[PDB]
Ligand SMILES: [K+]
Ligand SMILES: [K+]
Ligand SMILES: [K+]
Ligand SMILES: [K+]
Ligand SMILES: [K+]
Ligand SMILES: [K+]
Ligand SMILES: [Zn+2]
Ligand SMILES: [Zn+2]
Ligand SMILES: [Zn+2]
Ligand SMILES: [Zn+2]
Ligand SMILES: [Zn+2]
Ligand SMILES: [Zn+2]
Ligand SMILES: [Zn+2]
Ligand SMILES: [Zn+2]
Ligand SMILES: [Zn+2]
Ligand SMILES: [Zn+2]
Ligand SMILES: [Zn+2]
Ligand SMILES: [Zn+2]
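Structure (structure tokens):
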């Protein structure tokens with residue numbers, strides 16, 4: 002409801018368990034891989050080659066399998 | 002008009018009421034489902050497949066039925 | 002001027018006076034209605050169906066008739 | 002180099018002289034008229050019909066005649 | 002680095018040496034001229050007609066000839 | 004916290020890694036990071052350009068990079 006009390010445990014949960022995710026950007030582009038790390042501004046997506054991904058360019062994050070906290 | 006004094010009760014009603022909402026993104030992509038939770042930056046949209054949506058990517062939130070503030 | 006010291010008087014007038022407005026979004030979509038309420042982050046636009054509109058996705062708010070501020 | 006130290010005087014001058022301005026939106030649309038007023042977030046652009054333009058939506062402000 | 006400890010010196014020097022830069026906006030438009038002045042939020046781009054350019058709508062600023070600091 | 008973003012960007016800059024830099028509008032840039040601050044990255048090549056971070060979508064390095 003305020004702060005990152007959902008965004009942060011959601012992303013660490015998806016980090017801690019090596020869940021495959023789809024990352025859609027605002028430009029439409031879809032990324033896939035595993036979330037190595039993240040801070041307030043960026044995410045490290047691990048795949049073939051890996052990518053640091055600015056959260057401001059993120060529309061959605063869709064885990065490959067249902068997750069919880 | 003101060004702070005999230007509309008955005009927070011509005012969306013909290015939707016989560017509490019579990020109303021179907023359509024979420025329209027700034028890029029012209031349509032999301033549909035129900036709001037499981039929210040914080041200052043994101044909204045968990047629930048559906049057959051479930052997504053996390055960064056607010057900054059959303060243009061309008063459009064419920065399925067009338068909601069009273 | 003200073004802060005949002007122009008935005009709210011403009012919006013609160015449009016709300017208190019039930020003025021039909023046209024809200025334009027940065028993606029080039031047009032929305033039409035009357036401003037039910039607002040806060041720092043969103044606007045509640047009513048008409049056919051109601052909807053919450055993120056301000057960061059708006060470019061212009063154009064009244065259907067002139068107003069004094 | 003900080004604050005709105007160039008924006009404030011540029012905008013406040015433009016209003017005080019009521020120079021016709023063209024405002025170009027990030028989405029490529031062109032709005033036009035006079036700056037009647039402004040704050041940290043928006044610019045009131047009067048014309049046939051007046052409108053509130055969010056600053057974040059603007060790409061460029063391009064006056065008709067030079068300001069000083 | 003921290004803060005504006007590269008941006009401010011870079012645009013300042015472009016201002017001083019009066020380098021004709023080319024400013025590409027996120028929307029793909031190239032606005033070519035010289036930097037009279039800037040503050041935290043805008044660049045003023047002198048040319049045949051001068052114009053205020055909101056920095057948040059900037060993608061890149063490319064100098065005509067390489068520069069130092 | 005930028006306890007990832009800054010070191011990561013330091014490491015491409017320290018070891019001088021060729022990088023691709025995709026812009027939110029879908030253009031790819033490419034070169035090496037000479038320097039950065041909170042707002043910009045200075046991308047080096049035959050064309051030296053300053054890049055605003057708000058414009059960047061993904062930074063993709065050419066080869067594997069680890070962050071001690
Ligand atoms: K944490
Ligand atoms: K779990
Ligand atoms: K209710
Ligand atoms: K009125
Ligand atoms: K003047
Ligand atoms: K290394
Ligand atoms: Zn966080
Ligand atoms: Zn960012
Ligand atoms: Zn909130
Ligand atoms: Zn955001
Ligand atoms: Zn306000
Ligand atoms: Zn917002
Ligand atoms: Zn100001
Ligand atoms: Zn804004
Ligand atoms: Zn600065
Ligand atoms: Zn701005
Ligand atoms: Zn940093
Ligand atoms: Zn920026």
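Residue numbers (full-length UniProt numbering), protein chains in the order written: chain A, 2 to 70; chain B, 2 to 70; chain C, 2 to 70; chain D, 2 to 69; chain E, 2 to 70; chain F, 4 to 71. Note that CB positions come from ideal geometry on N, CA and C, so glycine has one too.
Rounded to whole angstroms, the gap between the alpha carbons of residue 57/C and residue 5/F is 24 angstroms. Under DSSP, the beta-bridge partners assigned to residue 23/F are 33/F, 63/F. Any heavy atom of ligand 3 within less than 7 angstroms of a residue's beta carbon puts that residue on the list, which reads 14/B, 18/B, 68/B, 69/B. Per DSSP, reduced to three states, the secondary structure at residue 15/B is helical. No heavy atom of ligand 7 is found nearer than 7 angstroms to the CB of residue 57/B. Here residue 70/F is exposed: its Cβ has fewer than 16 other Cβ atoms, across all protein chains shown, within 10 Å. Among the bridge pairs identified by DSSP, residue 47/D is matched with 35/D.
Annotation for residue 52/D: the continuous beta strand (DSSP E) segment containing it runs 52-55. Residue burial annotation: residue 51/D is buried, with at least 16 other C-beta atoms found within 10 angstroms of its C-beta. Residue 42/B has its CB no nearer than 7 angstroms to any heavy atom of ligand 8. Listed along chain F are 43, 45, 53, each with a C-beta nearer than 8 angstroms to that of residue 11/E.
The three-state reading of DSSP puts residue 10/C in helix, counting H, G and I together. A heavy atom of ligand 7 is found nearer than 7 angstroms to the CB of residue 8/A. By the C-beta criterion, the region 21-35 of chain F is judged not to be in contact with the region 31-50 of chain E, since fewer than 3 inter-stretch pairs fall below 8 angstroms. Not one heavy atom of ligand 11 is found less than 7 angstroms from the C-beta of residue 5/D. Distance from the Cα of residue 30/F is smallest, within the candidate group 65/F, 60/F, 9/F, 64/F, for 60/F. Rounded to whole angstroms, the gap between the alpha carbons of residue 68/E and residue 42/E is 23 angstroms. Linking residue 46/A to residue 53/A through their CA atoms gives a straight-line distance of about 6 angstroms. If you ignore the 5 residues before and after residue 64/E, its C-beta comes within less than 7 angstroms of the C-beta of 15, 20, 22, all in its own chain and listed in chain order. Residues of chain E whose Cβ lies closer than 8 angstroms to the Cβ of residue 48/F do not exist; the shortest such Cβ separation is about 10 angstroms.
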